[PDB]
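Starting off, we have a lone chain in the form solved without this ligand, written out as structure tokens.
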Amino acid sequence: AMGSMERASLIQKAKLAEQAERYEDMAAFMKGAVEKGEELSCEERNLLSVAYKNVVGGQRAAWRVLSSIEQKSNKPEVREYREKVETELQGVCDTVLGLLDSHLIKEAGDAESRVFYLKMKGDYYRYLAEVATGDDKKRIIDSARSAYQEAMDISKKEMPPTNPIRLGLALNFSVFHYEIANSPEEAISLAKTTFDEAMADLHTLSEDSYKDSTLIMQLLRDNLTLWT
């Protein structure tokens, strides 16, 4: 319902919604900006990703609380309510995946845009896989893997090992291996190799760039500590 607002107004409203911690509004403003059909800049892709990550982050946190309550329960109310939250999270992931496929990814020719969108595609199938039980849990898992793999192949060819999007991609792909694909050894090897290749490239960075790479390096280290 954002078709009558100017693209620049939608972006400015998304920034306002972020300051106000109104993330559903932020995501709706960013959806409307994407649907204007023009490619996003670096700053605009960041806004889109923050808005939906926060929205789905809330749904996933609630789904885990209800799932946990439900597990202990084995009336219909917790299962029904977990299902309602689950449907809503599924619709958010479908919305994000539809934006990526119509037509953010097809138009993304630079490495930083294409890898960014492919990471998001892997993330949103991974959220679908967190809740999936059907005939299509396996195809959802493999859609996540294939998006993250394509992103990894491009990033290793086109971006330095310290690039924050390449780092975040590997962090999440390693989480996918660990808790979705049940491949903890692959999760560990990916996080160790990523960390080590970034350490050896820190010397090339300005003080600003050094700070954004080391921040996600620390999350790689946190997971390695947790898992080993």
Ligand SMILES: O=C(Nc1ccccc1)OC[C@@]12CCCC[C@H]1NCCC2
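Note that residue numbering begins at 1 and tracks the sequence as displayed.
Although not depicted, the form deposited with this ligand bound is the subject of the following passage.
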Inset, instruction - Flag residue 214 as yes or no: does it have a non-hydrogen atom within 4.5 angstroms of any non-hydrogen atom of this ligand in the bound PDB entry? - result: yes
Legend entry - this ligand contact in the bound PDB entry: residue 218, any heavy atom under 4.5 Å: yes
Inset, instruction - Report yes if any heavy atom of residue 202 sits within 4.5 Å of a heavy atom of this ligand in the bound PDB entry; otherwise report no. - result: yes
Legend entry - 4.5 angstroms heavy atom contact with this ligand in the bound PDB entry for residue 178: no
Legend entry - in the bound PDB entry, residues of 157 to 195 near this ligand [heavy atom within 4.5 Å]: 195
